[PDB]
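A.B. asks: Contents of coords.cif (mmCIF, C-alpha atoms):
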data_protein
loop_
_atom_site.group_PDB
_atom_site.id
_atom_site.type_symbol
_atom_site.label_atom_id
_atom_site.label_comp_id
_atom_site.auth_asym_id
_atom_site.auth_seq_id
_atom_site.Cartn_x
_atom_site.Cartn_y
_atom_site.Cartn_z
ATOM 1 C CA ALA A 1 122.626 109.173 107.771
ATOM 2 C CA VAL A 2 123.598 106.384 105.368
ATOM 3 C CA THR A 3 120.957 106.306 102.608
ATOM 4 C CA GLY A 4 121.227 103.457 100.094
ATOM 5 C CA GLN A 5 119.452 101.778 97.147
ATOM 6 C CA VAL A 6 117.777 98.339 96.891
ATOM 7 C CA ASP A 7 116.835 97.321 93.364
ATOM 8 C CA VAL A 8 113.568 95.352 93.311
ATOM 9 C CA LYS A 9 112.892 93.009 90.394
ATOM 10 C CA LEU A 10 110.327 90.545 89.026
ATOM 11 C CA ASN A 11 110.358 88.849 85.611
ATOM 12 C CA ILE A 12 106.772 88.198 84.605
ATOM 13 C CA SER A 13 107.060 85.804 81.619
ATOM 14 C CA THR A 14 106.700 82.008 82.228
ATOM 15 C CA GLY A 15 107.038 80.702 85.805
ATOM 16 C CA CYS A 16 106.507 77.729 88.102
ATOM 17 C CA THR A 17 103.984 77.511 90.999
ATOM 18 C CA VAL A 18 103.831 75.502 94.248
ATOM 19 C CA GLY A 19 100.534 73.783 95.158
ATOM 20 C CA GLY A 20 99.487 72.422 98.555
ATOM 21 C CA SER A 21 100.132 75.689 100.371
ATOM 22 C CA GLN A 22 97.743 78.027 102.170
ATOM 23 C CA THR A 23 98.445 81.734 102.519
ATOM 24 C CA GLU A 24 98.976 82.350 106.250
ATOM 25 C CA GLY A 25 98.556 86.124 106.204
ATOM 26 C CA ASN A 26 101.363 87.186 103.830
ATOM 27 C CA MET A 27 103.504 84.042 104.213
ATOM 28 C CA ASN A 28 102.881 80.754 102.343
ATOM 29 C CA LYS A 29 102.031 77.977 104.853
ATOM 30 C CA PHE A 30 103.445 74.889 103.118
ATOM 31 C CA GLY A 31 102.677 72.194 105.666
ATOM 32 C CA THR A 32 103.363 70.364 108.901
ATOM 33 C CA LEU A 33 106.017 67.818 109.928
ATOM 34 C CA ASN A 34 104.114 66.065 112.701
ATOM 35 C CA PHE A 35 106.227 63.452 114.508
ATOM 36 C CA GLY A 36 103.331 62.762 116.869
ATOM 37 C CA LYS A 37 103.416 61.994 120.581
ATOM 38 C CA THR A 38 106.458 60.513 122.340
ATOM 39 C CA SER A 39 107.935 59.707 125.753
ATOM 40 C CA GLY A 40 110.937 61.347 127.418
ATOM 41 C CA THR A 41 113.353 58.748 126.054
ATOM 42 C CA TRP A 42 112.532 57.104 122.692
ATOM 43 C CA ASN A 43 114.648 54.207 121.336
ATOM 44 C CA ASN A 44 113.131 54.173 117.854
ATOM 45 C CA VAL A 45 113.974 56.898 115.307
ATOM 46 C CA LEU A 46 110.850 59.122 115.305
ATOM 47 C CA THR A 47 109.812 59.601 111.684
ATOM 48 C CA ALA A 48 106.978 61.492 109.914
ATOM 49 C CA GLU A 49 106.297 63.062 106.513
ATOM 50 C CA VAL A 50 105.251 66.608 105.707
ATOM 51 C CA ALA A 51 101.476 67.090 105.402
ATOM 52 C CA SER A 52 100.529 70.009 103.104
ATOM 53 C CA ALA A 53 98.316 72.598 104.844
ATOM 54 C CA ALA A 54 95.960 72.864 101.846
ATOM 55 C CA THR A 55 95.191 69.219 101.044
ATOM 56 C CA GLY A 56 96.784 67.075 103.756
ATOM 57 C CA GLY A 57 98.981 65.123 101.342
ATOM 58 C CA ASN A 58 102.400 65.977 99.910
ATOM 59 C CA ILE A 59 103.280 69.424 98.538
ATOM 60 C CA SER A 60 102.496 69.244 94.805
ATOM 61 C CA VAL A 61 104.625 71.616 92.746
ATOM 62 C CA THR A 62 103.478 72.111 89.144
ATOM 63 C CA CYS A 63 105.143 74.315 86.516
ATOM 64 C CA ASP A 64 103.085 76.590 84.239
ATOM 65 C CA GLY A 65 104.754 75.553 80.988
ATOM 66 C CA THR A 66 104.854 72.907 78.267
ATOM 67 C CA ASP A 67 108.518 71.885 78.048
ATOM 68 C CA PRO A 68 110.100 70.249 81.098
ATOM 69 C CA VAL A 69 111.368 72.712 83.736
ATOM 70 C CA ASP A 70 114.152 71.980 86.234
ATOM 71 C CA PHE A 71 113.269 73.679 89.534
ATOM 72 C CA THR A 72 115.127 73.511 92.805
ATOM 73 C CA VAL A 73 114.091 72.996 96.423
ATOM 74 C CA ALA A 74 115.969 74.432 99.423
ATOM 75 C CA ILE A 75 115.070 74.141 103.107
ATOM 76 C CA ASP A 76 116.702 76.314 105.775
ATOM 77 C CA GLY A 77 117.899 75.393 109.323
ATOM 78 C CA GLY A 78 114.763 76.336 111.277
ATOM 79 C CA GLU A 79 114.189 79.139 113.781
ATOM 80 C CA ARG A 80 117.552 78.718 115.501
ATOM 81 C CA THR A 81 119.463 77.664 112.308
ATOM 82 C CA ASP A 82 120.524 74.216 113.673
ATOM 83 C CA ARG A 83 117.317 72.187 113.073
ATOM 84 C CA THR A 84 116.247 71.922 116.721
ATOM 85 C CA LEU A 85 112.675 71.936 117.948
ATOM 86 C CA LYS A 86 112.231 74.081 121.048
ATOM 87 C CA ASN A 87 109.877 73.488 123.926
ATOM 88 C CA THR A 88 107.209 76.200 124.048
ATOM 89 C CA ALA A 89 107.911 76.912 127.759
ATOM 90 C CA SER A 90 111.330 75.519 128.791
ATOM 91 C CA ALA A 91 114.632 75.797 126.878
ATOM 92 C CA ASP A 92 114.975 72.091 126.008
ATOM 93 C CA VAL A 93 115.825 71.338 122.359
ATOM 94 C CA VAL A 94 115.175 68.339 120.091
ATOM 95 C CA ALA A 95 117.594 67.938 117.161
ATOM 96 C CA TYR A 96 116.042 66.699 113.873
ATOM 97 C CA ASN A 97 116.667 66.680 110.094
ATOM 98 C CA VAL A 98 114.658 66.595 106.874
ATOM 99 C CA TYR A 99 115.542 64.112 104.111
ATOM 100 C CA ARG A 100 114.313 63.886 100.523
ATOM 101 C CA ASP A 101 114.163 60.135 99.911
ATOM 102 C CA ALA A 102 112.092 57.491 101.749
ATOM 103 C CA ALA A 103 115.185 55.797 103.258
ATOM 104 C CA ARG A 104 116.429 58.914 105.186
ATOM 105 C CA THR A 105 119.634 59.046 103.074
ATOM 106 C CA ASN A 106 119.483 62.073 100.732
ATOM 107 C CA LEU A 107 119.532 64.912 103.249
ATOM 108 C CA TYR A 108 118.129 68.353 102.449
ATOM 109 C CA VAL A 109 121.381 70.098 103.334
ATOM 110 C CA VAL A 110 120.940 73.523 105.009
ATOM 111 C CA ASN A 111 120.472 76.329 102.428
ATOM 112 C CA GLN A 112 121.079 74.014 99.462
ATOM 113 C CA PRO A 113 119.105 73.706 96.203
ATOM 114 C CA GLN A 114 118.204 70.023 96.041
ATOM 115 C CA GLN A 115 117.378 69.668 92.248
ATOM 116 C CA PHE A 116 113.945 68.548 90.929
ATOM 117 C CA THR A 117 112.229 67.856 87.582
ATOM 118 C CA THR A 118 108.738 68.695 86.453
ATOM 119 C CA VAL A 119 107.097 67.540 83.224
ATOM 120 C CA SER A 120 104.232 68.287 80.817
ATOM 121 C CA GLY A 121 100.777 68.602 82.435
ATOM 122 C CA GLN A 122 101.841 67.175 85.776
ATOM 123 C CA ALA A 123 102.298 68.081 89.437
ATOM 124 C CA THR A 124 105.504 66.736 91.033
ATOM 125 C CA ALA A 125 105.462 65.997 94.776
ATOM 126 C CA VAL A 126 108.083 67.425 97.154
ATOM 127 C CA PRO A 127 108.833 64.733 99.709
ATOM 128 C CA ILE A 128 110.093 66.359 102.890
ATOM 129 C CA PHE A 129 110.759 63.318 105.061
ATOM 130 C CA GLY A 130 111.461 64.159 108.691
ATOM 131 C CA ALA A 131 113.633 62.047 110.964
ATOM 132 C CA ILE A 132 114.696 62.313 114.613
ATOM 133 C CA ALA A 133 117.611 60.415 116.213
ATOM 134 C CA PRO A 134 116.985 57.934 119.031
ATOM 135 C CA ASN A 135 117.342 59.791 122.335
ATOM 136 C CA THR A 136 118.361 57.154 124.881
ATOM 137 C CA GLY A 137 120.279 59.491 127.169
ATOM 138 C CA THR A 138 118.385 62.301 128.892
ATOM 139 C CA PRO A 139 114.575 62.584 129.061
ATOM 140 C CA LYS A 140 113.505 65.948 127.572
ATOM 141 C CA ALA A 141 110.904 67.896 129.586
ATOM 142 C CA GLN A 142 107.161 67.367 128.984
ATOM 143 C CA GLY A 143 105.249 69.686 126.658
ATOM 144 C CA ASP A 144 105.116 70.615 122.977
ATOM 145 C CA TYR A 145 108.286 71.057 120.881
ATOM 146 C CA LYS A 146 108.075 73.224 117.734
ATOM 147 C CA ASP A 147 110.052 74.660 114.814
ATOM 148 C CA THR A 148 109.204 76.483 111.611
ATOM 149 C CA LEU A 149 111.338 75.378 108.686
ATOM 150 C CA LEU A 150 111.198 77.792 105.754
ATOM 151 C CA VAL A 151 111.075 75.777 102.515
ATOM 152 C CA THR A 152 112.393 77.792 99.550
ATOM 153 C CA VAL A 153 111.185 76.670 96.124
ATOM 154 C CA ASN A 154 113.445 78.696 93.826
ATOM 155 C CA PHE A 155 114.354 78.743 90.190
ATOM 156 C CA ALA B 1 115.370 136.659 92.943
ATOM 157 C CA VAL B 2 114.798 134.780 96.204
ATOM 158 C CA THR B 3 118.237 133.944 97.640
ATOM 159 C CA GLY B 4 118.279 131.738 100.746
ATOM 160 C CA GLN B 5 120.586 129.819 103.124
ATOM 161 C CA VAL B 6 121.012 126.046 103.658
ATOM 162 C CA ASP B 7 123.103 125.124 106.683
ATOM 163 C CA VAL B 8 125.220 122.021 106.016
ATOM 164 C CA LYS B 9 126.389 119.940 108.975
ATOM 165 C CA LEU B 10 128.378 116.813 109.875
ATOM 166 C CA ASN B 11 129.394 115.659 113.364
ATOM 167 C CA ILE B 12 132.630 113.728 113.050
ATOM 168 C CA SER B 13 133.017 111.996 116.455
ATOM 169 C CA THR B 14 131.843 108.339 116.830
ATOM 170 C CA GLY B 15 129.503 106.897 114.174
ATOM 171 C CA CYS B 16 127.948 103.734 112.771
ATOM 172 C CA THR B 17 128.637 102.199 109.311
ATOM 173 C CA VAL B 18 126.636 99.958 106.947
ATOM 174 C CA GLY B 19 128.412 96.965 105.353
ATOM 175 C CA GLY B 20 127.286 94.935 102.337
ATOM 176 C CA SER B 21 126.938 97.965 100.081
ATOM 177 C CA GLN B 22 128.824 98.925 96.929
ATOM 178 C CA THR B 23 129.245 102.538 95.865
ATOM 179 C CA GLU B 24 127.275 102.904 92.613
ATOM 180 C CA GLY B 25 128.830 106.167 91.447
ATOM 181 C CA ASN B 26 127.929 108.526 94.322
ATOM 182 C CA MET B 27 124.989 106.495 95.681
ATOM 183 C CA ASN B 28 125.338 103.459 97.998
ATOM 184 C CA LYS B 29 124.012 100.320 96.231
ATOM 185 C CA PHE B 30 122.669 98.279 99.159
ATOM 186 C CA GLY B 31 121.285 95.242 97.365
ATOM 187 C CA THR B 32 118.649 93.504 95.289
ATOM 188 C CA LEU B 33 115.174 92.153 96.111
ATOM 189 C CA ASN B 34 114.922 89.488 93.422
ATOM 190 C CA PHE B 35 111.515 87.774 93.369
ATOM 191 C CA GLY B 36 112.613 85.717 90.369
ATOM 192 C CA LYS B 37 110.587 84.650 87.346
ATOM 193 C CA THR B 38 106.789 84.343 87.377
ATOM 194 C CA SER B 39 103.734 83.837 85.163
ATOM 195 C CA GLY B 40 100.989 86.357 84.399
ATOM 196 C CA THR B 41 98.798 85.123 87.249
ATOM 197 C CA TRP B 42 100.514 83.664 90.348
ATOM 198 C CA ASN B 43 98.474 82.038 93.159
ATOM 199 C CA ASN B 44 101.329 81.772 95.652
ATOM 200 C CA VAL B 45 102.660 84.866 97.464
ATOM 201 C CA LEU B 46 105.952 85.622 95.647
ATOM 202 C CA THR B 47 108.634 86.034 98.303
ATOM 203 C CA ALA B 48 112.397 86.798 98.245
ATOM 204 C CA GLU B 49 115.023 88.319 100.543
ATOM 205 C CA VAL B 50 117.378 91.205 99.868
ATOM 206 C CA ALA B 51 120.801 90.151 98.552
ATOM 207 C CA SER B 52 123.564 92.668 99.400
ATOM 208 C CA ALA B 53 125.411 93.935 96.299
ATOM 209 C CA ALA B 54 128.831 93.553 97.959
ATOM 210 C CA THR B 55 128.696 90.019 99.379
ATOM 211 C CA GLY B 56 125.449 88.419 98.198
ATOM 212 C CA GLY B 57 124.128 87.797 101.711
ATOM 213 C CA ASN B 58 122.219 90.112 104.050
ATOM 214 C CA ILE B 59 123.204 93.747 104.642
ATOM 215 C CA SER B 60 125.522 93.676 107.676
ATOM 216 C CA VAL B 61 125.449 96.915 109.650
ATOM 217 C CA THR B 62 128.219 97.294 112.243
ATOM 218 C CA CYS B 63 128.794 100.234 114.576
ATOM 219 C CA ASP B 64 132.161 101.749 115.451
ATOM 220 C CA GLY B 65 132.541 101.836 119.242
ATOM 221 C CA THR B 66 132.327 99.971 122.550
ATOM 222 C CA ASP B 67 128.816 100.646 123.881
ATOM 223 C CA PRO B 68 125.830 99.004 122.174
ATOM 224 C CA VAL B 69 124.369 101.691 119.872
ATOM 225 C CA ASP B 70 120.662 101.807 118.949
ATOM 226 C CA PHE B 71 120.407 102.633 115.233
ATOM 227 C CA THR B 72 117.302 102.875 113.116
ATOM 228 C CA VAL B 73 116.331 101.594 109.673
ATOM 229 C CA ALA B 74 113.838 103.329 107.356
ATOM 230 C CA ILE B 75 112.795 102.300 103.848
ATOM 231 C CA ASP B 76 110.891 104.640 101.525
ATOM 232 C CA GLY B 77 107.972 103.901 99.117
ATOM 233 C CA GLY B 78 109.969 103.276 95.928
ATOM 234 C CA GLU B 79 110.169 105.315 92.727
ATOM 235 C CA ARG B 80 106.453 106.106 92.622
ATOM 236 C CA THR B 81 106.008 106.269 96.461
ATOM 237 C CA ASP B 82 103.416 103.419 96.623
ATOM 238 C CA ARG B 83 105.717 100.345 96.480
ATOM 239 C CA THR B 84 104.839 99.274 92.931
ATOM 240 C CA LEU B 85 107.242 97.708 90.472
ATOM 241 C CA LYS B 86 106.852 99.140 86.976
ATOM 242 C CA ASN B 87 107.291 97.334 83.701
ATOM 243 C CA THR B 88 110.301 98.706 81.815
ATOM 244 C CA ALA B 89 108.230 99.231 78.620
ATOM 245 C CA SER B 90 104.478 99.236 79.415
ATOM 246 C CA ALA B 91 102.710 101.033 82.292
ATOM 247 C CA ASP B 92 101.663 97.899 84.217
ATOM 248 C CA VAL B 93 102.404 97.958 87.965
ATOM 249 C CA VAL B 94 103.049 95.220 90.544
ATOM 250 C CA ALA B 95 102.267 96.152 94.164
ATOM 251 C CA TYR B 96 104.683 94.759 96.805
ATOM 252 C CA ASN B 97 105.902 95.407 100.378
ATOM 253 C CA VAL B 98 109.029 94.869 102.463
ATOM 254 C CA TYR B 99 108.789 93.274 105.924
ATOM 255 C CA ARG B 100 111.395 92.962 108.674
ATOM 256 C CA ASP B 101 110.625 89.561 110.193
ATOM 257 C CA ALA B 102 110.665 86.122 108.512
ATOM 258 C CA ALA B 103 106.870 85.671 108.842
ATOM 259 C CA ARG B 104 105.926 88.794 106.759
ATOM 260 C CA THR B 105 104.285 90.441 109.815
ATOM 261 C CA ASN B 106 106.439 93.383 110.980
ATOM 262 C CA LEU B 107 106.128 95.706 107.996
ATOM 263 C CA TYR B 108 108.741 98.352 107.208
ATOM 264 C CA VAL B 109 106.184 101.154 107.197
ATOM 265 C CA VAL B 110 106.854 103.902 104.603
ATOM 266 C CA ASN B 111 109.313 106.543 105.918
ATOM 267 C CA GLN B 112 109.449 105.010 109.404
ATOM 268 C CA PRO B 113 112.495 104.290 111.599
ATOM 269 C CA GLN B 114 112.161 100.599 112.416
ATOM 270 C CA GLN B 115 114.486 100.354 115.536
ATOM 271 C CA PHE B 116 117.591 98.095 115.687
ATOM 272 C CA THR B 117 120.343 97.136 118.166
ATOM 273 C CA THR B 118 124.076 96.654 117.606
ATOM 274 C CA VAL B 119 126.901 95.601 119.970
ATOM 275 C CA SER B 120 130.667 96.146 119.770
ATOM 276 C CA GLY B 121 132.777 93.684 117.757
ATOM 277 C CA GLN B 122 129.737 92.356 115.907
ATOM 278 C CA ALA B 123 127.800 93.068 112.710
ATOM 279 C CA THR B 124 123.977 93.026 112.850
ATOM 280 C CA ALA B 125 122.053 91.928 109.743
ATOM 281 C CA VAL B 126 119.230 94.026 108.261
ATOM 282 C CA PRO B 127 116.583 91.606 107.047
ATOM 283 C CA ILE B 128 114.581 93.245 104.280
ATOM 284 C CA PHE B 129 112.072 90.515 103.468
ATOM 285 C CA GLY B 130 110.078 91.165 100.309
ATOM 286 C CA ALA B 131 106.563 89.877 99.730
ATOM 287 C CA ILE B 132 104.082 90.152 96.852
ATOM 288 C CA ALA B 133 100.329 89.431 97.089
ATOM 289 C CA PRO B 134 98.768 86.617 95.055
ATOM 290 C CA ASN B 135 97.531 88.088 91.768
ATOM 291 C CA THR B 136 94.684 85.827 90.651
ATOM 292 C CA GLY B 137 92.769 88.477 88.725
ATOM 293 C CA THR B 138 94.428 90.073 85.702
ATOM 294 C CA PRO B 139 97.601 88.771 84.009
ATOM 295 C CA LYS B 140 100.231 91.555 83.975
ATOM 296 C CA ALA B 141 102.072 92.053 80.662
ATOM 297 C CA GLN B 142 105.291 90.125 79.899
ATOM 298 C CA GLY B 143 108.676 91.713 80.568
ATOM 299 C CA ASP B 144 110.779 92.904 83.501
ATOM 300 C CA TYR B 145 109.255 94.817 86.443
ATOM 301 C CA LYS B 146 111.562 97.040 88.532
ATOM 302 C CA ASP B 147 111.719 99.464 91.466
ATOM 303 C CA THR B 148 114.472 101.127 93.454
ATOM 304 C CA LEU B 149 113.704 101.305 97.157
ATOM 305 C CA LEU B 150 115.932 103.761 99.017
ATOM 306 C CA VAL B 151 116.896 102.236 102.378
ATOM 307 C CA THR B 152 117.802 104.921 104.939
ATOM 308 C CA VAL B 153 120.035 103.787 107.800
ATOM 309 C CA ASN B 154 119.855 106.790 110.132
ATOM 310 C CA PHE B 155 120.793 107.599 113.670
#
As structure tokens, what does this structure read like?

C.D. replies:
Amino acid sequence: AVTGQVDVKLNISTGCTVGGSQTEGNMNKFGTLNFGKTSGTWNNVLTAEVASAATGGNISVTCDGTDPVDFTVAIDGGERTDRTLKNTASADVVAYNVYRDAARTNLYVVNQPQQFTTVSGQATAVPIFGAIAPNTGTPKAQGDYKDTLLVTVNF
Amino acid sequence: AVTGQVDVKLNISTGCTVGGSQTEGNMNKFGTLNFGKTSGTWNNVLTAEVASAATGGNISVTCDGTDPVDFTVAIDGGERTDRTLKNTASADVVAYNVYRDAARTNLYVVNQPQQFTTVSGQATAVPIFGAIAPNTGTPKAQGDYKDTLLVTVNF
């Protein structure tokens, strides 16, 4: 019998809120990274942007304050922690990655707070740009591949 | 004068130990559930994970032996027994809950042994995922809200 304590805390004072999300039960549904349909072996880098579940556009984070606030954005490694989509039935995997800039260069490194700014009376967008490498080796099995990345807007 | 007996017992043989805790005086400090800063009325479900007081990551329970032991985890209802954080100065309360899975579905029911597995030469993590409902009604007073959940790793 090892009984222990867990201090719970919350500082209600002046915070920042994330728009574009829908409450899926008790977990915020931020959006979808829909690469679309594809064949077994694709030569072009498959690329799609996150579509917020609430509006359809990009996640719009706004801060409830007057002065500028510097908030951070961190995305985790997905269900299996290595950013791989898994086929619903078979065990095939599809490696992918999420970048922050339009040219697939600034990668949202696993469990890292990619910095962000937010200004007076405005909603800043959180671009989560997906990208998949060209698979020109083995044709992955037919079906639907999925993953649930947990995006962590933290301060 | 009602004098009575209390039998004390301890079976020293082959037990299981919880890592990630720090001994706060004579009580094991397991960790912190830090939801962060927030405004009076938040529309998004505030959500944070427990951070072990010893390492900063998740509580890592390991057992001492060779056969996989099945240990249980039970969390209580907090200081007031209804999972509410209380403002340090005023009497305002903030209802919350702790779940076991990443999607806020498998709730750690009050005083219930949520089952767990553990194999030899490995440490299993105890995910205590916090979650707070969207308060879009009354703005709670400014300040710090706290609670001390007692996590009970028992066999």

A.B. asks: When you count all atoms listed in the file, which of these residues is closest to chain A: B:113, B:130, B:121, B:65?

C.D. replies: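 The closest residue to chain A is B:130.
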
A.B. asks: Once chain B is fitted onto chain A over all Cα atoms in order, please give the RMSD.

C.D. replies: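 The optimal C-alpha superposition leaves an RMSD of 0.2 Å.
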
A.B. asks: At what distance in Å, to one decimal, does atom CA of residue A:108 lie from atom CA of residue A:14?

C.D. replies: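 If I compute the distance from atom CA of residue A:14 to atom CA of residue A:108, I get 26.9 Å.
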
A.B. asks: Using only C-alpha atoms and a distance of at most 8 Å, pull out the residues of chain A that contact chain B, as a short mmCIF file (atom, residue, chain, number, x, y, z; two decimals) with C-alpha atoms, in the frame of the given file.

C.D. replies:
data_model
loop_
_atom_site.label_atom_id
_atom_site.label_comp_id
_atom_site.auth_asym_id
_atom_site.auth_seq_id
_atom_site.Cartn_x
_atom_site.Cartn_y
_atom_site.Cartn_z
CA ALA A 1 122.63 109.17 107.77
CA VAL A 2 123.60 106.38 105.37
CA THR A 3 120.96 106.31 102.61
CA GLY A 4 121.23 103.46 100.09
CA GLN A 5 119.45 101.78 97.15
CA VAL A 6 117.78 98.34 96.89
CA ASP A 7 116.84 97.32 93.36
CA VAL A 8 113.57 95.35 93.31
CA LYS A 9 112.89 93.01 90.39
CA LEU A 10 110.33 90.54 89.03
CA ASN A 11 110.36 88.85 85.61
CA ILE A 12 106.77 88.20 84.60
CA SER A 13 107.06 85.80 81.62
CA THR A 14 106.70 82.01 82.23
CA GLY A 15 107.04 80.70 85.80
CA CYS A 16 106.51 77.73 88.10
CA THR A 17 103.98 77.51 91.00
CA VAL A 18 103.83 75.50 94.25
CA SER A 21 100.13 75.69 100.37
CA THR A 23 98.44 81.73 102.52
CA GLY A 25 98.56 86.12 106.20
CA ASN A 26 101.36 87.19 103.83
CA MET A 27 103.50 84.04 104.21
CA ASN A 28 102.88 80.75 102.34
CA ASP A 64 103.08 76.59 84.24
CA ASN A 154 113.44 78.70 93.83
CA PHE A 155 114.35 78.74 90.19
#

A.B. asks: In Å to one decimal, how far is atom CA of residue A:88 from atom CA of residue B:124?

C.D. replies: 26.3 Å

A.B. asks: Can you tell me, as AutoDock Vina command-line options, the centre and edge lengths (Å, one decimal) of the axis-aligned box enclosing all of stretch 14-26 of chain B's listed atoms after padding each side by 4 Å?

C.D. replies:
--center_x 129.2 --center_y 101.7 --center_z 104.1 --size_x 13.2 --size_y 21.6 --size_z 33.4

A.B. asks: Would you mind reading off the distance between atom CA of residue A:109 and atom CA of residue A:93, one decimal, in Å?

C.D. replies: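 So the answer is 19.9 Å.
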
A.B. asks: For the PyMOL selection byres ((chain A and resi 70) around 7), applied here, can you spell out every residue it catches as a ChimeraX atom specification?

C.D. replies: /A:68-69,71-72,116-118

A.B. asks: Which is closer to residue B:66 than all the others in B:107, B:119, B:54, B:98, using all atoms listed in the file?

C.D. replies: B:119

A.B. asks: Reconstruct N, CA, C and O atoms of stretch 45-56 of chain A from the incomplete input and present them as a PDB file, in the coordinates of the input.

C.D. replies:
ATOM      1  N   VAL A  45     113.810  55.642 116.030  1.00  0.00           N
ATOM      2  CA  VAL A  45     113.974  56.898 115.307  1.00  0.00           C
ATOM      3  C   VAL A  45     112.573  57.453 115.026  1.00  0.00           C
ATOM      4  O   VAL A  45     111.799  56.802 114.327  1.00  0.00           O
ATOM      5  N   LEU A  46     112.224  58.633 115.551  1.00  0.00           N
ATOM      6  CA  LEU A  46     110.850  59.122 115.305  1.00  0.00           C
ATOM      7  C   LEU A  46     110.815  59.662 113.889  1.00  0.00           C
ATOM      8  O   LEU A  46     111.687  60.439 113.508  1.00  0.00           O
ATOM      9  N   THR A  47     109.818  59.263 113.096  1.00  0.00           N
ATOM     10  CA  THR A  47     109.812  59.601 111.684  1.00  0.00           C
ATOM     11  C   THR A  47     108.431  59.935 111.122  1.00  0.00           C
ATOM     12  O   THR A  47     107.536  59.110 111.232  1.00  0.00           O
ATOM     13  N   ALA A  48     108.256  61.113 110.505  1.00  0.00           N
ATOM     14  CA  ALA A  48     106.978  61.492 109.914  1.00  0.00           C
ATOM     15  C   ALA A  48     107.219  62.309 108.651  1.00  0.00           C
ATOM     16  O   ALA A  48     108.294  62.880 108.468  1.00  0.00           O
ATOM     17  N   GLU A  49     106.213  62.357 107.784  1.00  0.00           N
ATOM     18  CA  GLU A  49     106.297  63.062 106.513  1.00  0.00           C
ATOM     19  C   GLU A  49     105.539  64.375 106.587  1.00  0.00           C
ATOM     20  O   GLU A  49     104.637  64.524 107.406  1.00  0.00           O
ATOM     21  N   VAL A  50     105.930  65.333 105.752  1.00  0.00           N
ATOM     22  CA  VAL A  50     105.251  66.608 105.707  1.00  0.00           C
ATOM     23  C   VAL A  50     103.814  66.431 105.216  1.00  0.00           C
ATOM     24  O   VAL A  50     103.569  65.635 104.319  1.00  0.00           O
ATOM     25  N   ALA A  51     102.867  67.151 105.814  1.00  0.00           N
ATOM     26  CA  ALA A  51     101.476  67.090 105.402  1.00  0.00           C
ATOM     27  C   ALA A  51     101.107  68.500 104.936  1.00  0.00           C
ATOM     28  O   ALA A  51     101.046  69.415 105.757  1.00  0.00           O
ATOM     29  N   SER A  52     100.869  68.689 103.635  1.00  0.00           N
ATOM     30  CA  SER A  52     100.529  70.009 103.104  1.00  0.00           C
ATOM     31  C   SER A  52      99.341  70.633 103.845  1.00  0.00           C
ATOM     32  O   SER A  52      98.356  69.952 104.138  1.00  0.00           O
ATOM     33  N   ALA A  53      99.401  71.938 104.115  1.00  0.00           N
ATOM     34  CA  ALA A  53      98.316  72.598 104.844  1.00  0.00           C
ATOM     35  C   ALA A  53      97.020  72.737 104.038  1.00  0.00           C
ATOM     36  O   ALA A  53      95.941  72.852 104.615  1.00  0.00           O
ATOM     37  N   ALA A  54      97.124  72.718 102.714  1.00  0.00           N
ATOM     38  CA  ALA A  54      95.960  72.864 101.846  1.00  0.00           C
ATOM     39  C   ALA A  54      95.176  71.568 101.626  1.00  0.00           C
ATOM     40  O   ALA A  54      93.951  71.562 101.684  1.00  0.00           O
ATOM     41  N   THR A  55      95.872  70.486 101.304  1.00  0.00           N
ATOM     42  CA  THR A  55      95.191  69.219 101.044  1.00  0.00           C
ATOM     43  C   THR A  55      95.354  68.152 102.128  1.00  0.00           C
ATOM     44  O   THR A  55      94.417  67.396 102.397  1.00  0.00           O
ATOM     45  N   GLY A  56      96.525  68.085 102.748  1.00  0.00           N
ATOM     46  CA  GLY A  56      96.784  67.075 103.756  1.00  0.00           C
ATOM     47  C   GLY A  56      97.829  66.088 103.263  1.00  0.00           C
ATOM     48  O   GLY A  56      98.472  65.407 104.064  1.00  0.00           O
TER      49      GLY A  56
END
